[PDB]
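**Q** Okay, handing you the structure first.
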Amino acid sequence: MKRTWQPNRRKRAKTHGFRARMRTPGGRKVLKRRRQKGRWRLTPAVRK
Amino acid sequence: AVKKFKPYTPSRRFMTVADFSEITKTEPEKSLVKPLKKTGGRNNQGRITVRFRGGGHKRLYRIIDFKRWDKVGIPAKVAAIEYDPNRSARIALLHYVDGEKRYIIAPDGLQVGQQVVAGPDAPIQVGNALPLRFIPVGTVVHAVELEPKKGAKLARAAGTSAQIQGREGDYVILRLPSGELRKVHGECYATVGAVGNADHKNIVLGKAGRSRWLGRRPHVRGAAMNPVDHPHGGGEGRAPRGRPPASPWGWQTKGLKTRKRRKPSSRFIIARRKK
RNA sequence: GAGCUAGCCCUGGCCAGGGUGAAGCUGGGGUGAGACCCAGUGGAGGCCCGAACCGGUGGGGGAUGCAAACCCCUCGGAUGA
RNA sequence: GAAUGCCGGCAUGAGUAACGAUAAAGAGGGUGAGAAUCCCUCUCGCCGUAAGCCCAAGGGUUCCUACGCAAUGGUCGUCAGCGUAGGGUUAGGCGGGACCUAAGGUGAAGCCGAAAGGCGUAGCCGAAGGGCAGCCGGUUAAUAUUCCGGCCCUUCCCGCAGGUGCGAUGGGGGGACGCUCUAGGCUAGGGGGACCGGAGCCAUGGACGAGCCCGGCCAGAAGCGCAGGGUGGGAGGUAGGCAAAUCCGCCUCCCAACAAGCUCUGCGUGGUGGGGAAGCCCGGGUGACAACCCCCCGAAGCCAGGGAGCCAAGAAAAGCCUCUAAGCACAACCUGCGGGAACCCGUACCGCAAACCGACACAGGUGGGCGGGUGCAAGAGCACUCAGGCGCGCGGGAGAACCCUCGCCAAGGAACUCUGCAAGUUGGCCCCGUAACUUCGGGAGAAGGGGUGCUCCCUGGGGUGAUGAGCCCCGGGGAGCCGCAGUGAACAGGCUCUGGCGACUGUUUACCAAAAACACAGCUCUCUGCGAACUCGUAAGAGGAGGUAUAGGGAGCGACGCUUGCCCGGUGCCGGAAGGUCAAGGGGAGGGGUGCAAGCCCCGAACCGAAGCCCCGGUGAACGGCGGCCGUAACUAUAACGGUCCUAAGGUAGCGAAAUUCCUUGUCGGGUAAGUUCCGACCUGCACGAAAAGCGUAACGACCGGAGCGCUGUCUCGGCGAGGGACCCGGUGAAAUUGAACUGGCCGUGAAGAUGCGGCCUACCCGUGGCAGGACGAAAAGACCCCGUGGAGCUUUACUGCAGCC
RNA sequence: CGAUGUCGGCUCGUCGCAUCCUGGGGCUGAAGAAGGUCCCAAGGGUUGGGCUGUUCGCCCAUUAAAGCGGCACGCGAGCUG
RNA sequence: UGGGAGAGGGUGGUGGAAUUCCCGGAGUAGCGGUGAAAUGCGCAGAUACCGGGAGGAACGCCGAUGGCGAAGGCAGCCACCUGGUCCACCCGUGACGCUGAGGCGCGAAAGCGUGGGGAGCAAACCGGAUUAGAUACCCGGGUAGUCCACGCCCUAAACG
RNA sequence: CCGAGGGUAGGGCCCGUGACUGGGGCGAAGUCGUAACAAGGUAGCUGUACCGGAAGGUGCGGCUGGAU
Ligand SMILES: CC(C)C[C@@H]1CCO[C@@H]2[C@H](CN[C@@H]2C(=O)N[C@H]2[C@H]3O[C@H](OCC/C=C\[C@H]2C)[C@H](O)[C@@H](O)[C@H]3O)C1
Ligand SMILES: [Mg+2]
Ligand SMILES: [Mg+2]
Ligand SMILES: [Mg+2]
Ligand SMILES: [Mg+2]
Ligand SMILES: [Mg+2]
Ligand SMILES: [Mg+2]
Ligand SMILES: [Mg+2]
Ligand SMILES: [Mg+2]
Ligand SMILES: [Mg+2]
Ligand SMILES: [Mg+2]
Ligand SMILES: [Mg+2]
Ligand SMILES: [Mg+2]
Ligand SMILES: [Mg+2]
Ligand SMILES: [Mg+2]
Ligand SMILES: [Mg+2]
Ligand SMILES: [Mg+2]
Ligand SMILES: [Mg+2]
Ligand SMILES: [Mg+2]
Ligand SMILES: [Mg+2]
Ligand SMILES: [Mg+2]
Ligand SMILES: [Mg+2]
Ligand SMILES: [Mg+2]
Ligand SMILES: [Mg+2]
Ligand SMILES: [Mg+2]
Ligand SMILES: [Mg+2]
Ligand SMILES: [Mg+2]
Ligand SMILES: [Mg+2]
Ligand SMILES: [Mg+2]
Ligand SMILES: [Mg+2]
Ligand SMILES: [Mg+2]
Ligand SMILES: [Mg+2]
Ligand SMILES: [Mg+2]
Ligand SMILES: [Mg+2]
Ligand SMILES: [Mg+2]
Ligand SMILES: [Mg+2]
Ligand SMILES: [Mg+2]
Ligand SMILES: [Mg+2]
Ligand SMILES: [Mg+2]
Ligand SMILES: [Mg+2]
Ligand SMILES: [Mg+2]
Ligand SMILES: [Mg+2]
Ligand SMILES: [Mg+2]
Ligand SMILES: [Mg+2]
Ligand SMILES: [Mg+2]
Ligand SMILES: [Mg+2]
Ligand SMILES: [Mg+2]
Ligand SMILES: [Mg+2]
Ligand SMILES: [Mg+2]
Ligand SMILES: [Mg+2]
Ligand SMILES: [Mg+2]
Ligand SMILES: [Mg+2]
Ligand SMILES: [Mg+2]
Ligand SMILES: [Mg+2]
Ligand SMILES: [Mg+2]
Ligand SMILES: [Mg+2]
Ligand SMILES: [Mg+2]
Ligand SMILES: [Mg+2]
Ligand SMILES: [Mg+2]
Ligand SMILES: [Mg+2]
Ligand SMILES: [Mg+2]
Ligand SMILES: [Mg+2]
Ligand SMILES: [Mg+2]
Ligand SMILES: [Mg+2]
Ligand SMILES: [Mg+2]
Ligand SMILES: [Mg+2]
Ligand SMILES: [Mg+2]
Ligand SMILES: [Mg+2]
Ligand SMILES: [Mg+2]
Ligand SMILES: [Mg+2]
Ligand SMILES: [Mg+2]
Ligand SMILES: [Mg+2]
Ligand SMILES: [Mg+2]
Ligand SMILES: [Mg+2]
Ligand SMILES: [Mg+2]
Ligand SMILES: [Mg+2]
Ligand SMILES: [Mg+2]
Ligand SMILES: [Mg+2]
Ligand SMILES: [Mg+2]
Ligand SMILES: [Mg+2]
Ligand SMILES: [Mg+2]
Ligand SMILES: [Mg+2]
Ligand SMILES: [Mg+2]
Ligand SMILES: [Mg+2]
Ligand SMILES: [Mg+2]
Ligand SMILES: [Mg+2]
Ligand SMILES: [Mg+2]
Ligand SMILES: [Mg+2]
Ligand SMILES: [Mg+2]
Ligand SMILES: [Mg+2]
Ligand SMILES: [Mg+2]
Ligand SMILES: [Mg+2]
Ligand SMILES: [Mg+2]
Ligand SMILES: [Mg+2]
Ligand SMILES: [Mg+2]
Ligand SMILES: [Mg+2]
Ligand SMILES: [Mg+2]
Ligand SMILES: [Mg+2]
Ligand SMILES: [Mg+2]
Ligand SMILES: [Mg+2]
Ligand SMILES: [Mg+2]
Ligand SMILES: [Mg+2]
Ligand SMILES: [Mg+2]
Ligand SMILES: [Mg+2]
Ligand SMILES: [Mg+2]
Ligand SMILES: [Mg+2]
Ligand SMILES: [Mg+2]
Ligand SMILES: [Mg+2]
Ligand SMILES: [Mg+2]
Ligand SMILES: [Mg+2]
Ligand SMILES: [Mg+2]
Ligand SMILES: [Mg+2]
Ligand SMILES: [Mg+2]
Ligand SMILES: [Mg+2]
Ligand SMILES: [Mg+2]
Ligand SMILES: [Mg+2]
Ligand SMILES: [Mg+2]
Ligand SMILES: [Mg+2]
Ligand SMILES: [Mg+2]
Ligand SMILES: [Mg+2]
Ligand SMILES: [Mg+2]
Ligand SMILES: [Mg+2]
Ligand SMILES: [Mg+2]
Ligand SMILES: [Mg+2]
Ligand SMILES: [Mg+2]
Ligand SMILES: [Mg+2]
Ligand SMILES: [Mg+2]
Ligand SMILES: [Mg+2]
Ligand SMILES: [Mg+2]
Ligand SMILES: [Mg+2]
Ligand SMILES: [Mg+2]
Ligand SMILES: [Mg+2]
Ligand SMILES: [Mg+2]
Ligand SMILES: [Mg+2]
Ligand SMILES: [Mg+2]
Ligand SMILES: [Mg+2]
Ligand SMILES: [Mg+2]
Ligand SMILES: [Mg+2]
Ligand SMILES: [Mg+2]
Ligand SMILES: [Mg+2]
Ligand SMILES: [Mg+2]
Ligand SMILES: [Mg+2]
Ligand SMILES: [Mg+2]
Ligand SMILES: [Mg+2]
Ligand SMILES: [Mg+2]
Ligand SMILES: [Mg+2]
Ligand SMILES: [Mg+2]
Ligand SMILES: [Mg+2]
Ligand SMILES: [Mg+2]
Ligand SMILES: [Mg+2]
Ligand SMILES: [Mg+2]
Ligand SMILES: [Mg+2]
Ligand SMILES: [Mg+2]
Ligand SMILES: [Mg+2]
Ligand SMILES: [Mg+2]
Ligand SMILES: [Mg+2]
Ligand SMILES: [Mg+2]
Ligand SMILES: [Mg+2]
Ligand SMILES: [Mg+2]
Ligand SMILES: [Mg+2]
Ligand SMILES: [Mg+2]
Ligand SMILES: [Mg+2]
Ligand SMILES: [Mg+2]
Ligand SMILES: [Mg+2]
Ligand SMILES: [Mg+2]
Ligand SMILES: [Mg+2]
Ligand SMILES: [Mg+2]
Ligand SMILES: [Mg+2]
Ligand SMILES: [Mg+2]
Ligand SMILES: [Mg+2]
Ligand SMILES: [Mg+2]
Ligand SMILES: [Mg+2]
Ligand SMILES: [Mg+2]
Ligand SMILES: [Mg+2]
Ligand SMILES: [Mg+2]
Ligand SMILES: [Mg+2]
Ligand SMILES: [Mg+2]
Ligand SMILES: [Mg+2]
Ligand SMILES: [Mg+2]
Ligand SMILES: [Mg+2]
Ligand SMILES: [Mg+2]
Ligand SMILES: [Mg+2]
Ligand SMILES: [Mg+2]
Ligand SMILES: [Mg+2]
Ligand SMILES: [Mg+2]
Ligand SMILES: [Mg+2]
Ligand SMILES: [Mg+2]
Ligand SMILES: [Mg+2]
Ligand SMILES: [Mg+2]
Ligand SMILES: [Mg+2]
Ligand SMILES: [Mg+2]
Ligand SMILES: [Mg+2]
Ligand SMILES: [Mg+2]
Ligand SMILES: [Mg+2]
Ligand SMILES: [Mg+2]
Ligand SMILES: [Mg+2]
Ligand SMILES: [Mg+2]
Ligand SMILES: [Mg+2]
Ligand SMILES: [Mg+2]
Ligand SMILES: [Mg+2]
Ligand SMILES: [Mg+2]
Ligand SMILES: [Mg+2]
Ligand SMILES: [Mg+2]
Ligand SMILES: [Mg+2]
Ligand SMILES: [Mg+2]
Ligand SMILES: [Mg+2]
Ligand SMILES: [Mg+2]
Ligand SMILES: [Mg+2]
Ligand SMILES: [Mg+2]
Ligand SMILES: [Mg+2]
Ligand SMILES: [Mg+2]
Ligand SMILES: [Mg+2]
Ligand SMILES: [Mg+2]
Ligand SMILES: [Mg+2]
Ligand SMILES: [Mg+2]
Ligand SMILES: [Mg+2]
Ligand SMILES: [Mg+2]
Ligand SMILES: [Mg+2]
Ligand SMILES: [Mg+2]
Ligand SMILES: [Mg+2]
Ligand SMILES: [Mg+2]
Ligand SMILES: [Mg+2]
Ligand SMILES: [Mg+2]
Ligand SMILES: [Mg+2]
Ligand SMILES: [Mg+2]
Ligand SMILES: [Mg+2]
Ligand SMILES: [Mg+2]
Ligand SMILES: [Mg+2]
Ligand SMILES: [Mg+2]
Ligand SMILES: [Mg+2]
Ligand SMILES: [Mg+2]
Ligand SMILES: [Mg+2]
Ligand SMILES: [Mg+2]
Ligand SMILES: [Mg+2]
Ligand SMILES: [Mg+2]
Ligand SMILES: [Mg+2]
Ligand SMILES: [Mg+2]
Ligand SMILES: [Mg+2]
Ligand SMILES: [Mg+2]
Ligand SMILES: [Mg+2]
Ligand SMILES: [Mg+2]
Ligand SMILES: [Mg+2]
Ligand SMILES: [Mg+2]
Ligand SMILES: [Mg+2]
Ligand SMILES: [Mg+2]
Ligand SMILES: [Mg+2]
Ligand SMILES: [Mg+2]
Ligand SMILES: [Mg+2]
Ligand SMILES: [Mg+2]
Ligand SMILES: [Mg+2]
Ligand SMILES: [Mg+2]
Ligand SMILES: [Mg+2]
Ligand SMILES: [Mg+2]
Ligand SMILES: [Mg+2]
Ligand SMILES: [Mg+2]
């Protein structure tokens, strides 16, 4: 049956992307934590 | 004269439709329409604030002229009478001698080809507009402004009117469509005659899909819900109200008056509605 | 977190074929005029039958599955809420 | 040494289940160390509204070529979507951007919020919507509307010529729209040809034929032809389109009007450029100077912004055209022609799937376009087949039980069972024919019957063409032939009677409930005069609604019919300028502390003093509620009648052992041989009853009862047969579980149900196929039940607060 | 209570005897035939149906008879539900 | 042809008396009601009185033993549309007449549907009296309805 | 071919019967009230409506077949 992951490049980038994160106090704390943790990727990569 | 149908489906048994005889023109005036932005009942938050809305036929808004003191003295001809889907009343296409074109809601008895005019001096004829003070006591009247130059507010839907009762200083006394007696200021404009399409009230929707076309989504009874939802929700089996009948937000809904106590307009309400 | 699901908004798309035969209209009859009746035309409808599509009624199978809800037979809607 | 401990390792179950759709294989030849599995050929089977082909998403090198086979692949592997390496994606016209706007988002101005932030007209962003210029063929191992070939086109810049008041983000027009139905004419696509081109073929009894088999086109600028779309021309007035205006709108006059003209599309033609089969020969080559023609069918596509009807009344903005304003009229714009200029990103490949979403090369899920032929009434249905694609990445045997899916069955026919659950029956089309009841539509495919193939002959009408022939579509009558059977295969209702519930079509517990539940038109109450009520928000601001009482909110009821009774003492709500109570505050009689005193400081009675409550009324489609005992008639029985206690008032009509009836399978009637169910009645209704509606009700229902007919493997009562497994052999090889085990029966014993203790009995050692009585077998720290001064949801006249409202 | 699955049916039995039938007996208010009552006896047998979920029970048609109980109210790693 | 009387009928308009309710003022201890009373209303200011307003329904006197209509039935006043009818003249047609099963239309009140309207009145209903009871008569309330539009119903002591 | 009739299926009229139910007639001395006849003690009757153990009562309109 229809499962829950239905990938969509626009959806991905607009929801979790760098610019969404920066627009908001909470998304900025996300970027800041993943930086402090040393994540290689602060945001999901999509082809765009 | 609402039209019937033969019972050739279960729903056509009772369905009635407006007859549309007074309609003389079946597409609107392109310069007078704009897109009517459907809300779904949602506000700028995205939240439903009026339940059970959405899903209606697409519609264009028709700009209606509710001032009409805009063009004092300039007569206009009644070019057409048209269906407006944003309102119960029909609407009248007016060609000013100006060349300007405008819609008004269509009063009962109005005829294509006739002239209407607006102003302190206008004739007392169905379709004309004058400040309230210049209209004779006893005149039936519609599209009444409520405060001067603020726009027609009262008696706009199909079939309705206000009657002018008497004067008192700067104010005339109107008997509104609801039966209330109200002092309305005399410089408020009003249009002579009653709103038309009086047969509107006798249309029988006939089937559930019809309310759907109007953008009315099904209404769920509180008695049908659970306690998390509603005062009336819950109970094993069916259940009576079991408490003063209430709205979803808990306020009583049989009798409880809700007009604000200390409202400045109270001084201008002579007598509340009856019946 | 509404890329699942629920509602709504905007903008597009889709519904083989067959059946029934409303109003109206034309004519005929009718009458003082009428209602009305008859025939033809007409093509309405949360109309009928049935694919696609949407479903999930009953049974059977599956049950460390092909599958963390599937498969077979059967069955509901299918111009509409 | 234990913690259903943690991490890792390794056992057991076991050479066991399984190896992922039952569309299916066989052989020969090659390659190689090795071949059921790779390559090639021939035979066989499967899909073919796909299991073929083209887009979009998503994926991201998986594409092509060489070399490989450790691991991945459910087996094998020489093969591969695997490993190594090299190569491969080419655009002014395709798609997106340098264009537009939609919801929405963002947001100069502006508004609001302790902070963070929330809003917000314009504007900006935002597309699968609008707008916009490329078709056909060839080429590569791999890209092609991209390269190449042919023939077309767009914009930008600059120049020449002709023309004109040029000129905009401003005005205006247009763009610009629904649903159903649908006309003419075309095209796509298809069928046929006794015509045209072709390698060939004559078999096995016959055919050298008007034979078989193959093919008979595609693109195309101007011009022309056919068919459509769009559009009145002139003049005078002008106060409106937030400046202007010669434009637009409005008034008037004249001329034109089913036209025409102009304009724009589609289709045909068209210089020209391509393509071009079967067969045969080794992707190629020939065929081939290939032929390229006639007739018919014919779209849902095109002409298109076409037409008609209808109500639920159907985007925006740009491009474009017109108007004019600053300006400028040496300019500038318009048309023609010429030269020059024309960027960024994508393009490989998979794409109903082994490459996407499902941990897997997973029987599941995934939007758009094309989707051939024949027959079956039609069709995208069904069967078979084209092009094209496949045989589903374990096989080989065997022919037990048992299981699955399937076929048939004597006599009987529901006796089966909770129940005809299941499976039969029925089944398309044409014709005849069809009941109660009904809201006059319906019920209806009611029911029930008859017909159905092939052949010859006669004949009616339509389409195309020409009025004919031919081709095509609908028939009509007569006579015949064959079979068990003519929708001869496949796809395709069992019917009736009668209750309960719900009017109806709809909706629902994704994944145990589809229903009698929810919704529904309709009815009633009630709130709301608009800066409405109400809702979301601290607010601003939004929704309500660019609506205005024929409207909007809330509530119950639930089509329709006939109806909806009595109670206002309690609670609610509504009304009530009196009265009572009542907080802060007012007042300050009268006290008090302190100071020598002026004073400073504190307590403080009467009295004035909101809402709320009390109090007086109203109100039921507001919350709700609608009696008890005793007596009584000329047979008995029963009580129309009476007496009395109590109530706020004592249940009306209608219905009733009911989706409600405890006693209960009440009682009587029906149906049956027999009826706890069913239907009809009765009424001592444990415990119906009138919008938590009462009683009915045509139609409707995958709802729940009851009956009958039809027919059956449901059954008496089983039998046989098919295939997929089970079984054997080769390959690969799990699992939960598991204190250890050298693990029998009885009768007792034991913490009360013993392989394990006692006494007896029985018993050589080890497997394989089977069955499930036991190991209080597995699974899951019982969901029942209680306990914990454990949790959470929900309610209220529990307590205590808060928002909100007064 | 870190689970001893629960009513009825179906299927498959096996056991007790306080015996329903069949065999053998004594007493009878046993003439006969047929009953009654008690004794011995468990070898075998102990039907089909209508109602209900039912066990049970009632009823129909039969029978030599239409027995009563135990086995975790026998039997759900056997089915149903 | 010329004239007449008339509540004949339909549509629109519109006038005064009265009742009720509302507002203002003035005023106070009762009003109402009956056979008698009670219920009811009233110091929260009623009744009785004055002015203003709102609204529905009916039209006093004229009015009659009257008039008109086929009947049912029709009554303020006005205009319009319209039927019937009588008289005069003796002008026109030349028996063109009477009745009439069926058919069609009209048809008090009550009642029914859908809208509206609602002052007075009032089935039902509530209460107060009466009474043995009193589901009545009398008193206080009171909903349909009585009114208007359209559509039904089609009855009658529709009687002379 | 037609054909007595037999069979299947479905309608139409009639007759008989049916738990129970509706009112009707009749019946020497039952129970309840007293509606009508007199102004019958509320004139009666009346079509209709609604209500009530019962006769009846009331509303609306009509008749005199009403008294004084
Ligand atoms: C009056 C009655 C309530 C007496 C009651 C009967 C219920 O159960 C019995 C209780 C006594 N214990 C029984 C029980 O727990 N049984 C459970 C079974 O659960 C699974 O079987 C299917 C579930 C059925 C039963 C559940 C509850 C599981 O597989 C079985 O092993 C077993 O755990 C008594
Ligand atoms: Mg889903
Ligand atoms: Mg998605
Ligand atoms: Mg995307
Ligand atoms: Mg996208
Ligand atoms: Mg998206
Ligand atoms: Mg976001
Ligand atoms: Mg982003
Ligand atoms: Mg911050
Ligand atoms: Mg910050
Ligand atoms: Mg890094
Ligand atoms: Mg992130
Ligand atoms: Mg109708
Ligand atoms: Mg009808
Ligand atoms: Mg109209
Ligand atoms: Mg516009
Ligand atoms: Mg809005
Ligand atoms: Mg917004
Ligand atoms: Mg929302
Ligand atoms: Mg709301
Ligand atoms: Mg809504
Ligand atoms: Mg409206
Ligand atoms: Mg309208
Ligand atoms: Mg005012
Ligand atoms: Mg309505
Ligand atoms: Mg609408
Ligand atoms: Mg509604
Ligand atoms: Mg509802
Ligand atoms: Mg509920
Ligand atoms: Mg519920
Ligand atoms: Mg919630
Ligand atoms: Mg709560
Ligand atoms: Mg609550
Ligand atoms: Mg409740
Ligand atoms: Mg409930
Ligand atoms: Mg209940
Ligand atoms: Mg419930
Ligand atoms: Mg309650
Ligand atoms: Mg409440
Ligand atoms: Mg009011
Ligand atoms: Mg469809
Ligand atoms: Mg048919
Ligand atoms: Mg027809
Ligand atoms: Mg027509
Ligand atoms: Mg339908
Ligand atoms: Mg059909
Ligand atoms: Mg589904
Ligand atoms: Mg089945
Ligand atoms: Mg499962
Ligand atoms: Mg399936
Ligand atoms: Mg199927
Ligand atoms: Mg269907
Ligand atoms: Mg269809
Ligand atoms: Mg230890
Ligand atoms: Mg463990
Ligand atoms: Mg542990
Ligand atoms: Mg561990
Ligand atoms: Mg390790
Ligand atoms: Mg481990
Ligand atoms: Mg290991
Ligand atoms: Mg092992
Ligand atoms: Mg092993
Ligand atoms: Mg083995
Ligand atoms: Mg084993
Ligand atoms: Mg296994
Ligand atoms: Mg498996
Ligand atoms: Mg299959
Ligand atoms: Mg199969
Ligand atoms: Mg082979
Ligand atoms: Mg191999
Ligand atoms: Mg090998
Ligand atoms: Mg193979
Ligand atoms: Mg091969
Ligand atoms: Mg061969
Ligand atoms: Mg095909
Ligand atoms: Mg991937
Ligand atoms: Mg390998
Ligand atoms: Mg492997
Ligand atoms: Mg695998
Ligand atoms: Mg090799
Ligand atoms: Mg490549
Ligand atoms: Mg190019
Ligand atoms: Mg540039
Ligand atoms: Mg833009
Ligand atoms: Mg954006
Ligand atoms: Mg953009
Ligand atoms: Mg676009
Ligand atoms: Mg383009
Ligand atoms: Mg081109
Ligand atoms: Mg020019
Ligand atoms: Mg337009
Ligand atoms: Mg528009
Ligand atoms: Mg559009
Ligand atoms: Mg529509
Ligand atoms: Mg056509
Ligand atoms: Mg073409
Ligand atoms: Mg064809
Ligand atoms: Mg001008
Ligand atoms: Mg050649
Ligand atoms: Mg189409
Ligand atoms: Mg088009
Ligand atoms: Mg816009
Ligand atoms: Mg200048
Ligand atoms: Mg110059
Ligand atoms: Mg650039
Ligand atoms: Mg490419
Ligand atoms: Mg699929
Ligand atoms: Mg597809
Ligand atoms: Mg693949
Ligand atoms: Mg595979
Ligand atoms: Mg798959
Ligand atoms: Mg073909
Ligand atoms: Mg067919
Ligand atoms: Mg295979
Ligand atoms: Mg397959
Ligand atoms: Mg396989
Ligand atoms: Mg074997
Ligand atoms: Mg067969
Ligand atoms: Mg056979
Ligand atoms: Mg048989
Ligand atoms: Mg039978
Ligand atoms: Mg039979
Ligand atoms: Mg049976
Ligand atoms: Mg069942
Ligand atoms: Mg069939
Ligand atoms: Mg019948
Ligand atoms: Mg019939
Ligand atoms: Mg019937
Ligand atoms: Mg019936
Ligand atoms: Mg009928
Ligand atoms: Mg038939
Ligand atoms: Mg038929
Ligand atoms: Mg025949
Ligand atoms: Mg044949
Ligand atoms: Mg069928
Ligand atoms: Mg239903
Ligand atoms: Mg339901
Ligand atoms: Mg019902
Ligand atoms: Mg109903
Ligand atoms: Mg439907
Ligand atoms: Mg479910
Ligand atoms: Mg669930
Ligand atoms: Mg679930
Ligand atoms: Mg299920
Ligand atoms: Mg359920
Ligand atoms: Mg269902
Ligand atoms: Mg529901
Ligand atoms: Mg319903
Ligand atoms: Mg209703
Ligand atoms: Mg209402
Ligand atoms: Mg709030
Ligand atoms: Mg704050
Ligand atoms: Mg708005
Ligand atoms: Mg509402
Ligand atoms: Mg309903
Ligand atoms: Mg409902
Ligand atoms: Mg009826
Ligand atoms: Mg009460
Ligand atoms: Mg009260
Ligand atoms: Mg009360
Ligand atoms: Mg107070
Ligand atoms: Mg209660
Ligand atoms: Mg109470
Ligand atoms: Mg006596
Ligand atoms: Mg009653
Ligand atoms: Mg009963
Ligand atoms: Mg009942
Ligand atoms: Mg009960
Ligand atoms: Mg009972
Ligand atoms: Mg019982
Ligand atoms: Mg019984
Ligand atoms: Mg019987
Ligand atoms: Mg009884
Ligand atoms: Mg209730
Ligand atoms: Mg209830
Ligand atoms: Mg009923
Ligand atoms: Mg019914
Ligand atoms: Mg029915
Ligand atoms: Mg249904
Ligand atoms: Mg159903
Ligand atoms: Mg049954
Ligand atoms: Mg069998
Ligand atoms: Mg076999
Ligand atoms: Mg062997
Ligand atoms: Mg092996
Ligand atoms: Mg392996
Ligand atoms: Mg050991
Ligand atoms: Mg050992
Ligand atoms: Mg052992
Ligand atoms: Mg042993
Ligand atoms: Mg013991
Ligand atoms: Mg033992
Ligand atoms: Mg032992
Ligand atoms: Mg031991
Ligand atoms: Mg030992
Ligand atoms: Mg020992
Ligand atoms: Mg021992
Ligand atoms: Mg021993
Ligand atoms: Mg032994
Ligand atoms: Mg073995
Ligand atoms: Mg074994
Ligand atoms: Mg076992
Ligand atoms: Mg065991
Ligand atoms: Mg244990
Ligand atoms: Mg066990
Ligand atoms: Mg478990
Ligand atoms: Mg635990
Ligand atoms: Mg526990
Ligand atoms: Mg547990
Ligand atoms: Mg639970
Ligand atoms: Mg316990
Ligand atoms: Mg405690
Ligand atoms: Mg404790
Ligand atoms: Mg606790
Ligand atoms: Mg809590
Ligand atoms: Mg707080
Ligand atoms: Mg409030
Ligand atoms: Mg336990
Ligand atoms: Mg355990
Ligand atoms: Mg247990
Ligand atoms: Mg366990
Ligand atoms: Mg059985
Ligand atoms: Mg024995
Ligand atoms: Mg025995
Ligand atoms: Mg039984
Ligand atoms: Mg038992
Ligand atoms: Mg029993
Ligand atoms: Mg014997
Ligand atoms: Mg026993
Ligand atoms: Mg026991
Ligand atoms: Mg027991
Ligand atoms: Mg047991
Ligand atoms: Mg037993
Ligand atoms: Mg058992
Ligand atoms: Mg079980
Ligand atoms: Mg059991
Ligand atoms: Mg077990
Ligand atoms: Mg077992
Ligand atoms: Mg066991
Ligand atoms: Mg007083
Ligand atoms: Mg006083
Ligand atoms: Mg009034
Ligand atoms: Mg004469
Ligand atoms: Mg009448
Ligand atoms: Mg009347
Ligand atoms: Mg009384
Ligand atoms: Mg007395
Ligand atoms: Mg009244
Ligand atoms: Mg008279
Ligand atoms: Mg015979
Ligand atoms: Mg009397
Ligand atoms: Mg008397
Ligand atoms: Mg008397
Ligand atoms: Mg009297
Ligand atoms: Mg009375």
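Conditions (1) assigned to a loop (DSSP other than H, G, I, E, B); (2) closer than 30 Å to B:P148 by Cα, marked per residue:
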residue	(1), (2)
B:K183	no, yes
B:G209	no, no
B:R212	no, no
B:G234	yes, no
B:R241	yes, no
B:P244	yes, no
B:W249	yes, no
B:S265	no, yes
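**Q** I'd like to verify a number: residues in the range A:1-30 that are without any contact (Cβ under 8 Å) to a residue 24 or more places away in the chain, closer than 20 Å to A:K48 by Cα and either assigned to a helix (DSSP H, G or I) or touching a helix residue (DSSP H, G or I) at 6+ places or on another chain (Cβ under 6 Å) (or both), how many? Break it down into steps so the answer makes sense when it comes.
**A** At the first step, the residues of the range A:1-30 found to be without any contact (Cβ under 8 Å) to a residue 24 or more places away in the chain are A:1-8, A:10-11, A:14-15, A:19-30.
So of that shortlist, the ones also closer than 20 Å to A:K48 by Cα come out as A:5-8, A:10-11, A:14-15, A:19-23.
Keeping just the survivors that are either assigned to a helix (DSSP H, G or I) or touching a helix residue (DSSP H, G or I) at 6+ places or on another chain (Cβ under 6 Å) (or both) gives A:10-11, A:14-15, A:19-22.
Going through the range A:1-30 one residue at a time, the tally reaches 8.
**Q** Filter the range B:213-231 down to residues that are touching a strand residue (DSSP E or B) at 6+ places or on another chain (Cβ under 7 Å) and within 15 Å of B:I48 (Cα to Cα), then give me how many there are. Explain how you work it out, then say what you get.
**A** Start the filter on the range B:213-231 by keeping residues that are touching a strand residue (DSSP E or B) at 6+ places or on another chain (Cβ under 7 Å), which leaves B:215, B:217, B:231.
With the extra rule that they be within 15 Å of B:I48 (Cα to Cα), the set shrinks to B:215, B:217.
So the count comes out to 2.
**Q** When you check B:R273 against the structure, is it more than 14 Å from chain A (Cβ to nearest Cβ), out of contact with any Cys (no Cβ under 9 Å at 6 or more places or on another chain), loosely packed, with under 12 Cβ neighbours inside 10 Å and part of a loop (DSSP other than H, G, I, E, B), yes or no?
**A** Details: more than 14 Å from chain A (Cβ to nearest Cβ): yes; out of contact with any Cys (no Cβ under 9 Å at 6 or more places or on another chain): yes; loosely packed, with under 12 Cβ neighbours inside 10 Å: yes; part of a loop (DSSP other than H, G, I, E, B): yes.
So B:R273 passes the test.
**Q** A further question on this structure: Pick from B:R42, B:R62: which is within 29 Å of B:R217 (Cβ to Cβ) and in contact (Cβ under 8 Å) with a residue 12 or more places away in the chain?
**A** B:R62
**Q** Moving on. For the range B:6-23, what are the residues that are in contact (Cβ under 8 Å) with a residue 40 or more places away in the chain, within 30 Å of B:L110 (Cβ to Cβ) and assigned to a loop (DSSP other than H, G, I, E, B)?
**A** B:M15, B:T16, B:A18, B:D19, B:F20, B:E22, B:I23
**Q** Among the candidates B:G242, B:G250, B:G237, B:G215, which residue alone is touching a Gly at 6+ places or on another chain (Cβ under 8 Å), on the phi > 0 side of the Ramachandran plot and surrounded by fewer than 13 Cβ atoms within 10 Å (Cβ to Cβ)?
**A** The match here is B:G242.
**Q** Tally time: how many residues in the range A:31-48 are in contact (Cβ under 8 Å) with a residue 12 or more places away in the chain and either under 9 Å from the mean Cα position of the chain (by Cα) or surrounded by 10 or more Cβ atoms within 10 Å (Cβ to Cβ) (or both)?
**A** 5
**Q** Restricting attention to strands (runs of 3 or more DSSP E) lying wholly within the range B:28-107, give those where 3 or more residues are crowded, with 20+ Cβ neighbours inside 10 Å.
**A** B:76-82, B:91-96, B:101-105
**Q** For B:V204, state whether it is hydrophobic (A, V, I, L, M, F, W, C), over 30 Å from B:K6 (Cβ atoms) and either away from chain A (no Cβ under 14 Å) or more than 16 Å from ligand 38 (Cβ to nearest atom) (or both).
**A** no
**Q** Something else: When you look at B:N202, is it on the phi < 0 side of the Ramachandran plot and either loosely packed, with under 13 Cβ neighbours inside 10 Å or within 22 Å of the chain's Cα centre (by Cα) (or both), yes or no?
**A** Working: on the phi < 0 side of the Ramachandran plot: yes; either loosely packed, with under 13 Cβ neighbours inside 10 Å or within 22 Å of the chain's Cα centre (by Cα) (or both): yes.
Spelling it out, B:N202 is indeed on the phi < 0 side of the Ramachandran plot and either loosely packed, with under 13 Cβ neighbours inside 10 Å or within 22 Å of the chain's Cα centre (by Cα) (or both).
**Q** Can you tell me which residue among B:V33, B:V17, B:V50 is under 21 Å from the mean Cα position of the chain (by Cα), within 16 Å of ligand 20 (Cβ to nearest atom) and not basic (K, R)?
**A** That would be B:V50, the only listed residue that is under 21 Å from the mean Cα position of the chain (by Cα), within 16 Å of ligand 20 (Cβ to nearest atom) and not basic (K, R).
Coordinate-derived values only; no laboratory data. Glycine also receives a Cβ, built like all others from the backbone with ideal geometry; neighbour counts cover every protein chain displayed.
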